[PDB]
Amino acid sequence: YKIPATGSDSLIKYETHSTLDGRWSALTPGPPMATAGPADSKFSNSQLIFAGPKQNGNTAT
Amino acid sequence: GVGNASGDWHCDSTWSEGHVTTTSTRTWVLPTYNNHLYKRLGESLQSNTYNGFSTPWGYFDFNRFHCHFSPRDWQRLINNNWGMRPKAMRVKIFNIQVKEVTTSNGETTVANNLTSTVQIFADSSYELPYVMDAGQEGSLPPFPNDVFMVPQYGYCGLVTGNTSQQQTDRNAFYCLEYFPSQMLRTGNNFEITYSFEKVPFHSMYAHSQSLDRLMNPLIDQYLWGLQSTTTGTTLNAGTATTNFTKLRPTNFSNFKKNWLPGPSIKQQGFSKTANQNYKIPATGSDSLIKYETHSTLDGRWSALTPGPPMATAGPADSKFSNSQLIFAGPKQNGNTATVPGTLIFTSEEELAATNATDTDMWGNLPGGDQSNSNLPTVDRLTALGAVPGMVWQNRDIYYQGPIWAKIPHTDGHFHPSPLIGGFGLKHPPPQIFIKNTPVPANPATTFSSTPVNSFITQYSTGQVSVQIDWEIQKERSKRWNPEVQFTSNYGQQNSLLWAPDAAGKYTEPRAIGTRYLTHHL
Amino acid sequence: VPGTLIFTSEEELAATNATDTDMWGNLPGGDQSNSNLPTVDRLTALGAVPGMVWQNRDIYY
Amino acid sequence: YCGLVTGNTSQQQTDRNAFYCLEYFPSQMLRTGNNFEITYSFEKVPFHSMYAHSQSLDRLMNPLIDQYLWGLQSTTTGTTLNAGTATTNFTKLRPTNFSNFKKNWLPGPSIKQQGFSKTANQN
Amino acid sequence: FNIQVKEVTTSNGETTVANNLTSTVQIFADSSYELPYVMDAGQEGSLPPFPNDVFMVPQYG
Amino acid sequence: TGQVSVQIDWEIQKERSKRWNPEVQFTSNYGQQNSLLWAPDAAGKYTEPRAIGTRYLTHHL
Amino acid sequence: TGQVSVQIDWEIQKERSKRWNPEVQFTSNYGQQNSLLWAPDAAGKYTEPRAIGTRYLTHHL
Amino acid sequence: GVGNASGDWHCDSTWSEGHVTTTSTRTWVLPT
Amino acid sequence: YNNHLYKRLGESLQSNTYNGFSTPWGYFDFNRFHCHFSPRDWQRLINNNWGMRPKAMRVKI
Ligand SMILES: [Mg+2]
Ligand SMILES: [Mg+2]
Ligand SMILES: [Mg+2]
C-alpha cells in the first residue's frame, strides 16, 4: 500500500510501535519471532537488514 | 515489679556508612474487643461479598515509613542515597498497665488492676492470615507524642462465587488462644527480634535517560530499515517503491533497539475538574467499578489499583487514575471529599523514562495484513504482558506509604514487588497479637456448666518500641550539574508545616517519594 | 455420553487464578470525558504483569 | 518420534530433519540369565502444592479496618448514568467496599477458553 | 497459676469487686485416692472444648 | 479466678494396612453453610455440631 | 517377556496447619456397591472409577 | 509476686512418630 | 516391532501434518502416578501432606 515516509500518515504509524511518554518507537527488531526466509518476497521489522556489498549510499529502492 | 519501669523511651535515628537505624517508641491503648468473643463475619454484596472472623485480639502494625522516620530523616535519606532496604527489626512492648473500669451513679472511675494480665504472641511461623500488608490503618502514628489505639484483628476467608457469603468446607477458622502466648502482668515486658531476607534495594532515583534514547545521537546505525512504500507525502498516492534507508540521526524513533518498555494495562483517566468527566454513579449496574480497569476473580470485580508500575500524570496535573496513590490531605478528617485539593495525590511520572503511560497504551499494531489494496486498521495495544526484552521500574515508596507486603503463598508469581509499593517478602515481619486476659466478674454460688459471660471491664495501655536497621547505598554519580533535592520550600507560614499547629494537632502536609536523585540507564 | 468419562476440575484455583471460560477482566476502550463514555473492552488474554501470582494445575492419581 | 514439520501442508522433510538410529548407541545384550538395572536422581524441583487455598486473593485484608488510601467513588450524584450533578466524589477506602481496596497482587495470566455444555442441545 | 482472689462488696446501688492480694486458695491432689472419685461419672465440669471459653470450677460432692 | 494448663502425652499407633482400595475418612462435608461449623457463630457462640468417633479406618480380623 | 521393577523415593511435606475446624479429606464414600470399587470385579477386570487430585487440605494465602 | 505473672498461656499439639502431645489452657472462676 | 525395521513416517494433513520414524525398539514408561501408588497410598499421601516431589528412582528389568 502506498505509505509516505513523513506526515500524519507516515510509515511509523502503520508499523507496530511502542509508545514511551507519547513518543513512538518502531518495534524493531522486536521480540524473537519466526520471520520470512531471507530470500522470500516479504519482510518485516523483525528482520535485521545490512547494506549489501555494493551499497555505499544511505538509501536504496 | 509494680513500682519499677520495665523499659525506657527511645526515639532516635543513628546514621552511619551504608546504614541507618531508626528507633520509635509510642504509647498504645488496648480495649477489650468483641467483648472477649470471636464473631463470624459475612455479608452478601455482589463483588463486595466477604466472610471471615473478628477476633477479640488486637495487633501491632509498624508497616508505614513515617512510623520510623521523622520528616527530616526521610529528607536525609532521599537526598543522598540511591537505594535502601530493611535489614533487621526489634520490637519491645513494656510498661504494661491494666486498668479496671467501674460505673456508678455519676461518672465512671478507672483503677489499676495489678494482678491482671495481657497475652502476647508473635505469629512467627505465619500460621495465621497476614493482614499487616493491606494498606490499612492501625500502624504507629507518625508523631512520637501521639497515643494510638491497638487495631482489632480480623481476617477474611475464602469467598466462593460472587453473590453469597456462605462458607464451604474449605473455609478455615483460626482460634488464637490455640497458640502459645506470653502472659504479662504490670512488671513484665515482651521482646522480639527479626531479620529481613535479602531483598533488592528500592531504587531512590529517577532516570535521567529515556529507554528509546540510549544511542549516540551523532552516529548512524549499520542497520537498515524500510522508510516508506511510496514517493511523496500523501497516503495512497505517489509511485509505489520500497524506499530503504540506513538508520541515522534525527530518525531515532526508527532506530533498531535492544529493549522495550515494561508491561502495562490501560487505566481510565478522570479529571480533577468535575464537569470534565462523564457522569458515573457510585452504585447500580453502571457504577464506577464497571468503567474502571478491573480484574475478575471468581466472578467478582476488583478494581485494578494501584496496578502494575506505570508512568502516571504529574501530582499537580488536572487528571489522575487508579494508578495513583491518594492520601488524605492535612485538613481532611472525614472519610469522603468532593474537593481534590483536600487530598494528596502521588505520582509515578518519573517512570515515563522506561514504563508505558497508565492512561495511554503500550503502543499500536496492525489490525491485519496490508497490500496494494488493503490498508489495515491501527489497533491499540491497551494491555500487554511480559515480552522478552522488556524492562521497567517499580513504583516509588512514600514517607506515609507501606514498607513491606507478604508475597502470596502460591506456586507462581511474576516480579513479586507489591503493587502499592515496598518490599515483597516471603517471610515478612511477624504479626504481634495482644489481648486483655478476661477476668470473670462475681460468679453464682451454684455450679453451672454454661460458659462465663460476665466479666470485669478492663483495658490496658503501655509502650511499644520498634527499631529497624536499614541498609542504604549512597549515590555515586559523576553528574556535573546540581541534582533535584527534596527541600522545605513552603515560604512564609502562619504555622510551621511538619509541626503541630497552635491547637497541638500534627498533620502531614505533603506526600514525599524517594526519587529526587537521578541515575542514567 | 459424557457420563462414561471422568472430568477433572481446577475449581480450587478460583482463589488466585482467573476463570478459563470467563476473562481476566475489563478495561476502557478509550478515554472518557463529559461527552464520551468509552466501551468496556474485555481482557480475554493477558500475559505476565508485575504483581501477578497463580497456582499451577493439580496432579492426578 | 516426530521430526521437524515445515509449513502447514506438506510432510516433506528438509535438510534440518534428523534421523536417529538406535543401534548406533551402545546397549547391553541380555540372555535369559541376565538382568538390567539403572539408578536416577531427580534435580531439585519445587514441591507440588497439595492444598486448595482457604483465602481469596482479593480478600487478604482485615475486614474490620479502613485503608489510609483514598480513591474516586463516583463522578456524579445519584444512581443513574449520564445523570445527576457532575462532582468528583472521593472516599477513604473502608469495609464493605473491598472490591475497590488498593491491592498488592493480581490474579495470574490467562487465556480465554471456549465453554461447552455436557448437554448436547445447549451447544 | 495466675491466681486472683476477688473481694465482693455490696452497696446501695450495684456491687463492686476488688483484688484481695493477701487472700489464699487451697489446692491439693488426692494422689493416694483416699477420697471418693467422681471425675469418671460422665458428668459436667470438665474444661470447655473451646480455648476461649471461661468455665466455672464444679463443686465437689 | 486463674488459669489452668493441662498437657497430655498420648501414644499412638499408625495404621499399617495392606488394603488396596481407599479407606473411609472423617471429612468435613457439610457443604454450603451460612456459618462455618466447628466455629463460633455470628454471635460468638461455639457449639459442637456432631459426635465424632474414632472408627473410620478398618482392620481385618 | 520379563519383569520390570521401578522404585521411587518421594519427599513429602506434612501439613502443619493451625486451622481449628476439620479439613476436607478424600474418602471412600460410594455407599452400597454390588462390586467394591477400586477392586477387580466379578470377571476380574480392574478399573479406576474416579479421578483423584491432591487438593483436599487447605492453606491460607 | 503481685505484679509478675506466675505462668504463660499454652494451647498447642505436637505430633511426632507414635506420639502426640496436647496442651490446653483455660481460665476458670471459683466461687465460694 | 516393524519386523526389525525403521520406517520413515509422514502424512500431509494440514494442521495434523507430521513426519518422523517408527523404530523397531520398544521403551519403558513409568510416567503416571498410579504406576507407583495404590489408591489407598494416594489417599495417605493427599490427606496428610501439603507437598510432594520425586527424589530418586531405580529401575530393574
Ligand atoms: Mg501511621
Ligand atoms: Mg498457599
Ligand atoms: Mg467439656
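Note: ideal-geometry Cβ built from the backbone for every residue, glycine included; neighbour counts use all protein chains shown. FYI, it's all coordinate maths here, none of it is from the lab.
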Legend entry - Net length gained if the chain between D:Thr79 and D:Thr96 were fully extended (0.36 nm per residue, minus Cα distance): 4.3 nm
Inset, instruction - Just grab the label-to-label distance for B:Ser16 and F:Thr58, each label 7 Å out from Cα along the Cβ direction, in nm (one decimal). - result: 6.8 nm
Inset, instruction - Could you sort out which of B:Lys272/B:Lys505; B:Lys290/B:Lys319; F:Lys18/G:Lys45; D:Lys118/G:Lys14 sit more than 31 Å apart by Cα distance in this structure? - result: D:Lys118/G:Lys14
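May I ask for the net charge around H:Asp8, where only other residues with Cβ less than 15 Å from the Cβ of H:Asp8 are counted and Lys, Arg are +1 while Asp, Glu are -1?
Values: positive: B:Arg185, B:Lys435, H:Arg26; negative: B:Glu177, B:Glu191, H:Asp12.
Neighbour charge sum, excluding H:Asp8 itself: 0.
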Inset, instruction - Assuming a ≥ b ≥ c are the square roots of the Cα gyration tensor eigenvalues, decide whether the protein assembly as shown counts as rounded (a/c under 1.5), prolate (otherwise, with a/b larger than b/c) or oblate. - result: oblate
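Shape of chain F from its Cα gyration tensor (a ≥ b ≥ c, root eigenvalues): rounded if a/c is under 1.5, otherwise prolate when a/b > b/c, or oblate?
oblate
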Inset, instruction - Please identify, among D:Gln113, D:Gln67, D:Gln12, the residue showing maximal mean-square fluctuation in a Gaussian network model of chain D using a 10 angstrom Cα cutoff. - result: D:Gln12
Legend entry - Span from the the range B:158-215 Cα centroid across to the the range B:1-47 one, whole angstrom: 15 Å
Inset, instruction - Rank E:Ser46, E:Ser31, E:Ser11 by mean-square fluctuation in a GNM of chain E with C-alpha springs under 10 angstrom and give only the top-ranked residue. - result: E:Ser11
Inset, instruction - Go ahead and set up a Gaussian network model of chain D, Cα springs under 10 Å, then flag whichever of D:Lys102, D:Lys112, D:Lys44 fluctuates most. - result: D:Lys112
Inset, instruction - Return the FRET efficiency for the residue pair B:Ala499, I:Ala56: r is the Cβ-Cβ distance, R0 is 60 Å, and the value is rounded to the nearest 0.05. - result: 0.35
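In terms of the Cα gyration tensor, with a ≥ b ≥ c the square roots of its eigenvalues, is the range D:72-120 rounded because a/c is under 1.5, prolate because a/b exceeds b/c, or oblate?
Numbers: a/c = 3.26, a/b = 1.73, b/c = 1.89.
Oblate is the answer for the range D:72-120, as a/c is 1.5 or above yet b/c matches or exceeds a/b.
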Inset, instruction - Could you work out how far apart the two model spin labels at F:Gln32 and D:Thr87 are, taking each label as a point 7 Å from the Cα in the direction of the beta carbon, and quote it in nm? - result: 3.9 nm
Legend entry - ³J(HN,Hα), Karplus 6.51/-1.76/1.60, whole Hz, each residue of the range C:44-59, x for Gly, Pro: 7, 9, 8, x, 4, 10, x, x, 7, 9, 6, 10, 6, 6, 7, 9
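Find the percent of Cα-Cα distances in the range B:433-521 that exceed 23 Å, and round it to a whole number.
Values: 2603 of 3916 pairs.
When all Cα pairs of the range B:433-521 are counted, 66 percent exceed 23 Å.
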Inset, instruction - Sort out for me the Cα centre separation of the range B:101-143 from the range B:373-402, rounded to whole Å. - result: 44 Å
Inset, instruction - Post the alpha-carbon centroid distance, the range B:413-481 to the range B:285-299, in whole angstrom. - result: 33 Å
